[PDB]
């Protein structure tokens, strides 16, 4: 059994976003909209429900941990369910949470060389946290092969490279390198059950579709419904392509991509506050569910039992 817990299901900024008054955010606050608040994207993985691997440490980590009981096993006066942390990129909304874990150092942190570079220079979390009882102990994620974290020895992680898009603070933001971003394939080696986790997906190719067809659950980028969604809401100018996010709708959208995966479980995650699928009464929500695709929410539990 592979346990997948959705701690946070929103894109950066959360839902509602602190400074946003778009139709969703303002409608939520006014109570005129049927939607559920969401923290910034993070999931927890486990092969026993007791030892947990964190994927991305969101700025909302304190509320996310508190909301999920297994994160506090209470086996001693100081204790936690986090046995390791995996970073998919060096972005601020995926790493800031580590600062809130300073009281429980050391932590094993798995990330690529490029991400380790960013996090020892432009956002030197490793340098900062090292003053707290050994800080973060780096474990290198290689750009080939797989890795196993001893706390969950039945989980086999196979990372795959995504289009390099280093954070704006990154010394090499204008110089993208392989290792800047990745998606995860996670396999329960006892059953064969595979999770495909790609919260940040800007493009698909043949190699990608091939490994998706080998997976049992598809947990993918659901940031924007339309590529110019920020313009439509009137709260920004950046497109989904500029942000490295494939929209759900239109030709080449994820919904069209997901049509070739009828047998896989399909869940949209990392959803922006502007996305209509957050409105549970939207025709966009209805279309998603009509296509057999789920919309992730904070507290969602995905059980991965076996392999197709």
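Residue numbers count along the first chain shown, from 1.
- Of the two segments, 210-218 and 85-93, the one listed with the higher mean B-factor is 210-218 (C-alpha atoms only).
- Checked against the record, the higher mean CA B factor of 227-235 and 129-137 lies with 227-235.
- The top Cα temperature factor in the record, among 205, 188, 79, 118, falls on 205.
- Placement of the Cα temperature factor of residue 247 within the chain: highest third of the modelled residues, per the deposited record.
- In this PDB entry, the Cα temperature factor of residue 266 sits in the middle third of its chain's modelled residues.
- Ranked by C-alpha B-factor against the other modelled residues of its chain, residue 288 falls in the highest third.
- Split the chain's modelled residues into thirds by C-alpha temperature factor. Residue 176 is in the highest one.
- In this PDB entry, residue 165 carries a Cα temperature factor that places it within the highest third of its chain's modelled residues.
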